[PDB]
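Worksheet: the structure to be examined is printed underneath.
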Amino acid sequence: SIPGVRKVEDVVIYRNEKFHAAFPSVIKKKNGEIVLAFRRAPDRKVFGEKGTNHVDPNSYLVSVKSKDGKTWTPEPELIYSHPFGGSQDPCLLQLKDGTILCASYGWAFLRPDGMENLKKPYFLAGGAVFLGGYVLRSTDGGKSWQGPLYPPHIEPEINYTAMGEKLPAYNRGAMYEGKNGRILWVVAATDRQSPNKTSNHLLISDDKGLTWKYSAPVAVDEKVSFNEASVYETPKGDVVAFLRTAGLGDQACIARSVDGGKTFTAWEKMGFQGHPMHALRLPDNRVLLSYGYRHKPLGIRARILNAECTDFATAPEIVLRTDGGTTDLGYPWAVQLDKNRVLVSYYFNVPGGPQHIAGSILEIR
Amino acid sequence: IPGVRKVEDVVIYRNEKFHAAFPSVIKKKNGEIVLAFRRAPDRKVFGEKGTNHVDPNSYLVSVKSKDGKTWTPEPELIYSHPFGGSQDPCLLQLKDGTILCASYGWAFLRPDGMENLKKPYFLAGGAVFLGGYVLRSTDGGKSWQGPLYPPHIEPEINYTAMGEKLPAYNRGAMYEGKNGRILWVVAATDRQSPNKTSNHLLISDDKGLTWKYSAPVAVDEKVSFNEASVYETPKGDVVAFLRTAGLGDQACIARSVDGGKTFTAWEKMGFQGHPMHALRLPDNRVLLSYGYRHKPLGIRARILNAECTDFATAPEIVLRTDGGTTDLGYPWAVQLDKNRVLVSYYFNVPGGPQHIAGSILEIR
């Protein structure tokens with residue numbers, strides 16, 4: 001038992017058997033409204049198909065809302081439908097001034113004459129051609145969204161988009177607004193084609209997400225891939241990135257910068273399995289690190305780190321869910337409900353059930 | 001024609017990255033002109049050779065105007081269907097301000113889904129037909145509720161890509177009858193091979209929440225009737241203006257003298273053109289606009305008397321002749337002022353993209 005931690009209850013946030021609902025992020029606005037964004041796409045069983053993967057031309061970015069973390073609006077509102085294909089993993093950032101950024105990335109679906117004419121290299125998965133990143137922005141509390149704004153293509157990235165552009169950077173993971181108002185974003189880039197390898201790189205925005213500048217490599221290895229990453233700034237000003245890996249037995253890793261993101265020291269294993277990671281600063285400046293656990297028993301876990309995020313090896317693991325059906329679940333994202341309660345949202349499935357948004361409400365005193 | 005003059009042509013929305021087509025347009029009581037259209041990628045953005053009329057990412061979008069000449073440059077989204085691409089947005093504004101936006105859709109299935117489809121289904125361009133759905137706005141087009149799925153009607157043989165009996169649909173204008181009934185002439189596939197469609201009248205007495213089958217409108221052993229605009233005359237005749245297949249692009253008409261309970265035999269109107277749109281002008285004359293997918297390619301119209309009986313003798317107004325390919329047309333008109341009408345349509349010139357355009361007519 002973990003001092004000061006208790007699960008209040010689990011909740012279902014959005015569930016509809018006709019839909020694959022996945023990859024949530026969530027913010028709470030100054031007016032009290034909790035806004036949770038997620039990817040919604042057809043559950044392909046509605047077309048008589050055998051199963052659903054993570055590409056679909058009609059995957060849209062949608063949201064549901066709550067005043068308390070427990071009662072949710074039943075009909076999702078549309079954040080964004082990309083004119084050129086399906087959209088992924090909406091990642092919300094709310095700035096102190098109320099601006100909301102919603103990062104995403106896309107997949108295009110081409111016909112045979114298009115496939116033949118693609119500039120190489122490109123990335124093909126599930127019959128779809130990768131489009132890379134795009135970001136929507138709202139200055140009215142999410143009532144309307146402007147954009148898309150395309151992140152820069154960064155030098156390590158080798159791919160072209162399905163439309164022949166150099167691939168805009170992208171990721172799944174939390175951005176972080178630094179104390180000086182600069183926005184930190186750790187993005188992924190494909191830096192080798194065969195075998196596929198990705199590395200992480202820090203982008204920085206000094207204009208509240210209108211444009212991004214490359215700052216420094218975050219995690220690079222000759223064999224191990226680094227992809228989904230959440231970034232965090234500690235009270236003393238360290239920049240920390242929590243990293244999903246490929247080729248390292250699902251080991252969750254960390255990389256740190258002590259010079260404001262100009263250089264990162266060597267990446268380290270944190271000592272546990274899980275992905276992807278999300279970090280939330282709690283009211284006492286400790287850090288809730290939540291992650292998916294795609295091993296038996298399938299579910300969602302977390303641990304609470306000290307303020308500087310140095311004690312990940314000794315912080316006890318909080319087990320939130322063990323009842324998952326298949327590995328198609330996870331991607332938790334936490335939000336502070338009030339001084340003593342946190343909602344850890346995630347997407348989930350139980351045996352025989354659809355991919356839906358769910359959450360665990362925690363009491364952290 | 002006498003007293004009619006083309007004031008000028010306008011570009012309503014054009015972007016080389018997009019195929020923009022199939023417009024419909026209303027003007028709200030506060031004067032704002034709202035034009036809805038289908039927007040899909042021009043497939044050349046993907047290095048493909050051409051663009052057809054199915055795409056999973058075709059969305060219903062709108063641009064707005066106060067005068068019909070200058071238009072908002074960035075389309076707002078009306079609807080993206082969660083299950084596929086959407087077609088031909090057809091707007092009806094009720095006298096009380098409610099707006100209906102009819103549409104229909106295409107789904108894109110994987111091979112194992114294709115193998116398991118319930119037959120008959122309708123396949124075109126690699127996509128499987130979803131049939132109709134209708135969006136509804138009670139706040140002037142700020143938000144849209146739905147979709148509401150029209151009934152499947154007995155003549156229709158197809159199942160949707162999701163295995164349901166196919167909901168009715170069409171491209172064409174609905175019409176609000178003088179008693180508040182909504183008239184809608186829909187299409188149904190009533191023979192699989194060779195394909196044939198027929199038209200049928202649906203009526204709604206609850207402002208578009210539900211629909212009742214009323215009567216067959218146009219059926220033939222061989223000729224198809226598909227896209228149809230419906231219209232109620234001041235005397236109360238119900239008139240439907242019909243696009244055909246199997247009849248040399250002859251524009252046709254069918255009429256009911258009993259409020260839509262029975263239609264008399266369909267007739268040729270004596271000219272080629274499709275699809276048709278009818279607009280009651282301020283003097284109760286009727287502006288019938290249509291695309292002309294023959295040389296010279298473009299947009300044409302005729303002004304009928306109030307009861308729409310003089311189509312054989314009403315002179316043809318030629319609005320455009322500079323079309324590039326046959327992928328153009330589908331005009332829809334809206335009254336700007338007492339003697340100015342905007343005829344919107346989509347269009348292309350040789351080497352140019354599919355874009356929304358219009359011609360402003362002065363009719364005295």
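Residues in the structure tokens are numbered from 1 in each chain, the chains being A, B, ... in the order shown, and ligands are numbered from 1 in the order shown.
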With 7 Å as the limit and counting only C-alpha atoms, what residues in chain B lie close to chain A? Please list them as a list in words.
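Selected residues: residues 40, 41, 45, 46, 47, 48, 56, 57, 82, 83, 84, 109, 112, 113, 116, 161 and 162 of chain B.
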Put those residues in a file: N, CA, C and O atoms, as a JSON list (two decimals), in the first residue's frame.
```json
[["chain", "number", "residue", "atom", "x", "y", "z"],
["B", 40, "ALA", "N", -13.32, 17.24, -51.48],
["B", 40, "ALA", "CA", -12.47, 16.06, -51.42],
["B", 40, "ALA", "C", -11.10, 16.44, -51.97],
["B", 40, "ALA", "O", -10.97, 17.42, -52.70],
["B", 41, "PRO", "N", -10.07, 15.65, -51.66],
["B", 41, "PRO", "CA", -8.75, 15.94, -52.24],
["B", 41, "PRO", "C", -8.80, 15.81, -53.75],
["B", 41, "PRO", "O", -9.38, 14.87, -54.29],
["B", 45, "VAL", "N", -2.80, 15.49, -55.73],
["B", 45, "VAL", "CA", -1.93, 15.76, -54.59],
["B", 45, "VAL", "C", -1.19, 14.49, -54.18],
["B", 45, "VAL", "O", -0.11, 14.55, -53.58],
["B", 46, "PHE", "N", -1.77, 13.33, -54.49],
["B", 46, "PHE", "CA", -1.18, 12.04, -54.22],
["B", 46, "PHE", "C", -0.45, 11.46, -55.43],
["B", 46, "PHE", "O", -0.14, 10.27, -55.44],
["B", 47, "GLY", "N", -0.18, 12.28, -56.44],
["B", 47, "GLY", "CA", 0.43, 11.79, -57.67],
["B", 47, "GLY", "C", -0.41, 10.84, -58.49],
["B", 47, "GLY", "O", 0.13, 10.09, -59.30],
["B", 48, "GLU", "N", -1.73, 10.86, -58.32],
["B", 48, "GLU", "CA", -2.58, 9.97, -59.10],
["B", 48, "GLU", "C", -3.05, 10.70, -60.35],
["B", 48, "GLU", "O", -2.97, 11.93, -60.45],
["B", 56, "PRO", "N", -13.01, 8.52, -49.28],
["B", 56, "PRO", "CA", -13.41, 8.46, -47.86],
["B", 56, "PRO", "C", -13.35, 9.80, -47.15],
["B", 56, "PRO", "O", -14.10, 10.02, -46.19],
["B", 57, "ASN", "N", -12.49, 10.72, -47.61],
["B", 57, "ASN", "CA", -12.36, 12.01, -46.95],
["B", 57, "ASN", "C", -13.13, 13.13, -47.65],
["B", 57, "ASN", "O", -12.80, 14.31, -47.49],
["B", 82, "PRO", "N", -18.62, 9.62, -39.90],
["B", 82, "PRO", "CA", -17.65, 8.72, -39.25],
["B", 82, "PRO", "C", -17.37, 7.44, -40.03],
["B", 82, "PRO", "O", -16.35, 6.81, -39.76],
["B", 83, "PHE", "N", -18.21, 7.06, -41.00],
["B", 83, "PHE", "CA", -18.07, 5.76, -41.67],
["B", 83, "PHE", "C", -17.66, 5.86, -43.14],
["B", 83, "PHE", "O", -17.58, 4.83, -43.83],
["B", 84, "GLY", "N", -17.36, 7.05, -43.64],
["B", 84, "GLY", "CA", -16.95, 7.11, -45.04],
["B", 84, "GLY", "C", -17.11, 8.52, -45.60],
["B", 84, "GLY", "O", -17.20, 9.49, -44.84],
["B", 109, "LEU", "N", -14.13, -0.58, -47.98],
["B", 109, "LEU", "CA", -13.97, -1.81, -47.21],
["B", 109, "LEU", "C", -12.68, -2.54, -47.59],
["B", 109, "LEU", "O", -12.12, -2.35, -48.67],
["B", 112, "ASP", "N", -11.66, -8.77, -46.78],
["B", 112, "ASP", "CA", -12.49, -9.70, -46.02],
["B", 112, "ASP", "C", -13.87, -9.11, -45.76],
["B", 112, "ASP", "O", -14.86, -9.86, -45.70],
["B", 113, "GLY", "N", -13.97, -7.79, -45.65],
["B", 113, "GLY", "CA", -15.28, -7.18, -45.54],
["B", 113, "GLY", "C", -16.07, -7.32, -46.82],
["B", 113, "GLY", "O", -17.28, -7.59, -46.80],
["B", 116, "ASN", "N", -17.76, -10.71, -47.28],
["B", 116, "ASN", "CA", -18.88, -11.04, -46.41],
["B", 116, "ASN", "C", -20.12, -10.18, -46.65],
["B", 116, "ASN", "O", -21.11, -10.34, -45.93],
["B", 161, "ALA", "N", -23.16, -0.90, -46.94],
["B", 161, "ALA", "CA", -21.89, -1.53, -46.58],
["B", 161, "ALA", "C", -21.90, -2.09, -45.17],
["B", 161, "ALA", "O", -21.00, -2.87, -44.82],
["B", 162, "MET", "N", -22.86, -1.70, -44.33],
["B", 162, "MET", "CA", -22.90, -2.17, -42.97],
["B", 162, "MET", "C", -24.03, -3.17, -42.80],
["B", 162, "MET", "O", -24.37, -3.56, -41.69]]
```
Give me the residues near region 163-174 of chain B as a PyMOL selection string, where near means some atom within 9 Å (using only C-alpha atoms) and where sequence neighbours in that chain fewer than 5 positions away do not count.
(chain A and resi 46-48) or (chain B and resi 22+24+87-92+102-104+117-119+121+129-134+149-153+156-158+182-188+226-231+241+275-278+332)
Who sits within 7 Å of residue 72 (chain B), only C-alpha atoms, same chain under 4 positions skipped, as a PDB file with C-alpha atoms, in the first residue's frame:
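What landed in around21.pdb:
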```pdb
ATOM      1  CA  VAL B  63     -18.758  29.145 -47.585  1.00  0.00           C
ATOM      2  CA  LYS B  64     -20.827  32.240 -46.843  1.00  0.00           C
ATOM      3  CA  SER B  65     -21.660  35.567 -48.483  1.00  0.00           C
TER       4      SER B  65
END
```
Running DSSP on the backbone, which parts of region 70-261 of chain B land in strand (DSSP E), as number ranges by chain?
B: 76-79, 85-86, 90-93, 99-107, 123-124, 127-137, 145-148, 175-176, 182-191, 196-204, 212-218, 224-232, 238-245, 250-256
What's the separation between CA of residue 277 (chain A) and CA of residue 171 (chain A), in Å to one decimal place?
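Computing the Euclidean distance for CA of residue 277 (chain A) and CA of residue 171 (chain A) yields 12.3 Å.
With distances taken over only C-alpha atoms, A:10 is the one residue among A:123, A:262, A:52, A:10 lying closest to residue 71 (chain A).
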Take CA of residue 137 (chain B) and CA of residue 65 (chain A) and report the distance between them in Å, one decimal.
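Rounded to one decimal, the two atoms are 21.7 Å apart.
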Check the smallest atom-to-atom distance from each of A:98, A:121, A:74, A:292 to residue 140 (chain A) using only C-alpha atoms, then report the winner.
A:98
When you draw a straight line from CA of residue 94 (chain B) to CA of residue 207 (chain B), how long is it in Å?
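Spanning CA of residue 94 (chain B) to CA of residue 207 (chain B) is a straight-line distance of 8.1 Å.
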Proximity to residue 36 (chain B) - best of B:125, B:141, B:155, B:352, only C-alpha atoms
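Among B:125, B:141, B:155, B:352, it is B:141 that comes nearest to residue 36 (chain B).
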